[PDB]
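Visitor: take these chains first, placed just as they are in the complex:
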Amino acid sequence: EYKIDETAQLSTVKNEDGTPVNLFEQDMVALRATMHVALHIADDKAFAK
């Protein structure tokens, strides 16, 4: 179930800014991710001549 939209931009059918009707449009996902810091890593950066 999706909550009422206010911050998200809408173009199709009717634009939402303040109040929105209670209807499911996109399912919400729950996830948790954390990456450990590496001591040595190779990365290339571009520089202008």
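Guide: That came through, no problem. Numbering: from 1, shown residues only, chains lettered A, B, ... in the order given.
Visitor: now do the contacts for the closest residue to residue A:18 other than its chain neighbours.
Guide: Taking CB to CB, 6 or more residues apart in numbering, and ignoring the residues beside it in sequence, residue A:18 has residue A:6 as its nearest neighbour in space, at 6.5 Å. Quick note: C-beta positions are derived from backbone N, CA and C, even for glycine. Listed by CB atoms under 8 Å, 6 or more residues apart in numbering, the contact partners of residue A:6 are A:16, A:17, A:18, A:19, A:20.
Visitor: tell me the one of these nearest residue A:28?
Guide: For those, the residue nearest residue A:28 by CB to CB is residue A:20; the value is 15.5 Å.
Visitor: hang on, the closest one packs against residue A:7?
Guide: No - distance between residue A:20 and residue A:7: 10.7 Å, which falls outside the contact criterion (CB atoms under 8 Å).
Visitor: so those two - more neighbours on which side?
Guide: Higher neighbour count among residue A:20 and residue A:7: residue A:20, with 16 against 6, using other CB atoms under 10 Å.
Visitor: contacts only, for that one.
Guide: Here residue A:20 is in contact with A:4, A:5, A:6 (criterion: CB under 8 Å, 6+ apart).
Visitor: in what helix or strand does residue A:25 lie?
Guide: Assigning secondary structure by DSSP states H and E places residue A:25 outside every helix and strand.
Visitor: same check, this time on residue A:42
Guide: Applying DSSP H and E as the criterion places residue A:42 outside every helix and strand.
Visitor: output stretch A:20-40 as CSV, nothing but the C-alphas.
Guide: The C-alpha trace of stretch A:20-40 is given here as CSV (Å, rounded to 0.1, in the frame of the first residue of the first chain):
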residue,chain,number,x,y,z
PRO,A,20,-3.9,13.1,-2.9
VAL,A,21,-6.4,10.2,-3.0
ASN,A,22,-5.6,7.0,-1.1
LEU,A,23,-4.5,4.6,-3.9
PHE,A,24,-1.5,2.2,-4.4
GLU,A,25,0.8,3.2,-7.2
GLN,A,26,4.3,1.9,-6.2
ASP,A,27,5.2,-0.7,-3.6
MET,A,28,7.7,0.3,-0.8
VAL,A,29,10.8,-1.8,-0.2
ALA,A,30,12.8,-2.2,3.0
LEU,A,31,16.5,-2.9,2.9
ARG,A,32,19.7,-2.4,5.0
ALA,A,33,23.2,-2.1,3.5
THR,A,34,26.6,-1.2,5.0
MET,A,35,30.0,-1.4,3.3
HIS,A,36,33.4,-1.8,5.1
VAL,A,37,36.2,0.6,4.3
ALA,A,38,39.2,-0.7,2.4
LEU,A,39,42.9,0.1,3.2
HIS,A,40,44.0,0.1,-0.4
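Visitor: okay, now chain B:
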Amino acid sequence: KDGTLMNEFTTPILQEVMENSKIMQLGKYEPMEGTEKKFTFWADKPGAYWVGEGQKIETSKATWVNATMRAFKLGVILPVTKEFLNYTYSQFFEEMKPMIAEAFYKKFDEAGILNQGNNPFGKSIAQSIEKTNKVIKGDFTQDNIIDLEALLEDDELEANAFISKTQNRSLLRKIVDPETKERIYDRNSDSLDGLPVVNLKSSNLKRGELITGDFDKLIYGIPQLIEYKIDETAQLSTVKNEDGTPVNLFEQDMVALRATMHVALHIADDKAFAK
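Guide: Okay, chain B now, added to the rest:
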């Protein structure tokens, strides 16, 4: 405010109007979204034998956009607070869901048969009058009704039932033909000229019976309530009034019903006009 001891009563009127809306119009059931109609015509072959003539005509009809059922607002929200506290008001909330379902067919009949607030492209009288002039203007008469019925039947059309209001039926009962004595209005069974007619009673129409051809009905069912948000944000008697829209607690009832009607582009109509 109420305070103590709440009671609600409902009169029998919506049950009769809901059943008459579908039976008179004859809405054919469909398992597909929108409306689908197919028509085929065959060409006549020559008398003398020389060459076999072919060429077959094909026609397709489709209707778009279905009307949505209206959700409960501040009216049911005041009753919902009483339903949680009082046992008698709790039963009234369940009865209100059944009354609104019968009212949905009444709103569909007013939009379908009459051109008060059309949702679809074809709205019976609105679709007929825009295509070709068929509706008669003037006072209701038995001699005029017999002439109008013959003209509509001759142009490859068949009438099933004519929708007429209670006020128009009383005026039709007083009028009598020069040769024919029968009118059928006071009795339980009513007919316009030959075939059986059922009363619909429209808010837009004032006087004159209108005959309907074929109608379509798809995805029609019953409204379901679980969670609803309000945008109006009405003030309540209990506690401080909130300016912000929608509340966490359940107060408003949701409604979900979709129905689309297809037009046959052939319908009879009668209207009163001043001289």
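Visitor: just give the closest residue to the residue positioned nearest the centre of chain A, not the sequence neighbours.
Guide: Centroid check for chain A by CA atoms, centre = their mean gives residue A:8 as the closest residue, at 10.2 Å. The shortest distance from residue A:8 to any non-neighbouring residue, by CB to CB, 6 or more residues apart in numbering or on different chains, is to residue A:16 (7.3 Å).
Visitor: and that neighbour, helix, strand or coil?
Guide: Reducing the assignment to helix, strand or coil with DSSP: H, G, I helix; E, B strand; the rest coil, the entry for residue A:16 is coil.
Visitor: burial of it, as a residue count?
Guide: Around residue A:16 sit 16 other residues, with neighbours defined as other CB atoms under 10 Å in any protein chain shown.
Visitor: contact partners for it?
Guide: Residue A:16 makes contact with A:5, A:6, A:8, A:10, according to CB atoms under 8 Å, 6 or more residues apart in numbering or on different chains.
Visitor: picking that back up, work out for me the element the residue nearest to the centre of chain A sits within.
Guide: Counting by DSSP H and E, there is no helix or strand that carries residue A:8.
Visitor: let me see the contact set for the residue of chain A found nearest chain B.
Guide: In chain A, no residue comes nearer to chain B than residue A:19, which is 4.4 Å away by CB to the nearest CB. When contacts are counted by CB under 8 Å, 6+ apart, residue A:19 touches A:4, A:6, B:229, B:231, B:245, B:246.
Visitor: CSV for the contacts of residue A:16, including secondary structure?
Guide: Compiled in CSV, these are given as follows (three-state DSSP):
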residue, secondary structure
A:5, coil
A:6, coil
A:8, coil
A:10, coil
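Visitor: please slot chain C in as well:
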Amino acid sequence: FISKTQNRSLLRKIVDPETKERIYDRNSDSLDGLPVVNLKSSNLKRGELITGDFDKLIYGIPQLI
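Guide: Same chains as before, plus chain C:
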């Protein structure tokens, strides 16, 4: 008598001199006694023709590959 759809509707509106309904169909349409046949015609529009003795012969069924 043979009916041409539009002619039958005009006959139903007219009433007889005696106390009886003229060309009124309760279950079946009849001009005098026997049931009238309705047929669509391009040339004919108004007027009914009454005929009894008429020959009608057919070779068989219309079917070919």
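Visitor: please reconsider the contacts of residue A:6 now that chain C is part of the model.
Guide: A:16, A:17, A:18, A:19, A:20.
Visitor: do that again at 7 Å, thanks
Guide: Each residue near residue A:6 by CB atoms under 7 Å, 6 or more residues apart in numbering or on different chains is listed here: A:16, A:17, A:18, A:20.
Visitor: ok, which pair from those is furthest apart?
Guide: Using CB to CB, those reach their maximum pairwise distance at A:17 and A:20, which is 8.8 Å.
Visitor: about what we covered before: torsion angles phi and psi at the residue nearest to the centre of chain A?
Guide: Here is the backbone geometry of residue A:8 (degrees, to the nearest 10): phi -70, psi 140.
Visitor: what's the offset of stretch A:38-49 from the middle of its chain?
Guide: Shown here is stretch A:38-49, whose average C-alpha point lies 27 Å from the average C-alpha point of the whole chain (CA atoms, centre = their mean, to the nearest Å).
Visitor: what about residue A:4, how many neighbours?
Guide: Count around residue A:4 with other CB under 10 Å applied: 16.
Visitor: in this structure it contacts residue A:23, no?
Guide: No - Residue A:4 sits out of contact with residue A:23 when judged by CB atoms under 7 Å, with a separation of 9.0 Å.
Visitor: check whether residue A:1 really touches residue A:23, as I assumed.
Guide: No - Residue A:1 lies out of contact with residue A:23 (CB under 7 Å); the separation is 9.2 Å.
Visitor: need the residues touching each of those two.
Guide: Counting by CB under 7 Å, 6+ apart, residue A:1 and residue A:23 have no common neighbour.
Visitor: which single residue in chain A comes nearest to chain C?
Guide: residue A:13 (48.9 Å).
Visitor: residues of chain A that sit close to chain C?
Guide: Proximity of chain A to chain C, by CB under 7 Å from any CB of the partner chain, involves no residues.
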